[PDB]
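*Asks:* generate a structure from the sequence data that follows.
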Amino acid sequence: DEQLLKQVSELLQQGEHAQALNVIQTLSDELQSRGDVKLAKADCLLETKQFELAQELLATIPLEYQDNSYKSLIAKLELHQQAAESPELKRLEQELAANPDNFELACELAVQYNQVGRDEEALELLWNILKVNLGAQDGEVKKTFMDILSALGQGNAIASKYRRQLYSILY
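*Replies:* Numbering: from 1, shown residues only. Below you will find the coordinate block:
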């Protein structure tokens, strides 16, 4: 645990959130729940755009740890989550509902979803086209699905569920 903790420390210094989250999940459960390790893990979730996991973790930080760093993380989550309901997103959404077959709008909606951490919806949007037609849009739908996954990373549980999804239906 002792050195591992400096591994986390070292990894955060360097912006390796996803490695850092990996080392975290290897600590004891006791050390995992230490309030400073929680903040660390919260910062990692947020830098990796897992805002829902971040918010639900942040909601268990006890008072004695409601730090300067915790405050700034609250404020970050609140700014991110406002940015996820834009008029822009709204319009593309109403527009895709009325043009459900326009695959090229779906790719753009998805890329905008992704830009604000609405990645579950981004990938579910695309997934719904791909499991009917892997070629959808001259393979432009599979690709934007694929850039979203790789953008996300290997630790990401949403990325991992859709990777498995897509893989299971490859010819």
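*Asks:* any idea how far the nearest residue to residue 83 once chain neighbours are set aside is from residue 88?
*Replies:* Using Cβ to Cβ, 6 or more residues apart in numbering and skipping the chain neighbours, the partner closest in space to residue 83 is residue 116 (5.3 Å). No exception for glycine: its C-beta is placed from N, CA and C like everyone else's. According to Cβ to Cβ, to the nearest Å, residue 116 and residue 88 sit 10 Å apart.
*Asks:* cool, residue 148 as well?
*Replies:* Counting by Cβ to Cβ, the gap from residue 148 to residue 88 is 18 Å.
*Asks:* so which of those two has more stuff around it?
*Replies:* residue 148 (21 against 11; other Cβ atoms under 10 Å).
*Asks:* ok, the more buried one touching residue 127?
*Replies:* No: contact between residue 148 and residue 127 fails when scored by Cβ atoms under 8 Å: they sit 10.4 Å apart.
*Asks:* re earlier: residues contacting the residue nearest to residue 83?
*Replies:* 80, 83, 84, 86, 89 (Cβ atoms under 8 Å, 6 or more residues apart in numbering).
*Asks:* likewise for residue 36?
*Replies:* residue 65.
*Asks:* in the helix or strand hosting it, what's buried?
*Replies:* Secondary structure assignment for residue 36, by DSSP states H and E: helix 35-47. Neighbour-count burial for helix 35-47 flags 35, 37, 38, 39, 40, 41, 42, 43, 44, 45, 46, 47 (criterion: 16 or more other Cβ atoms under 10 Å).
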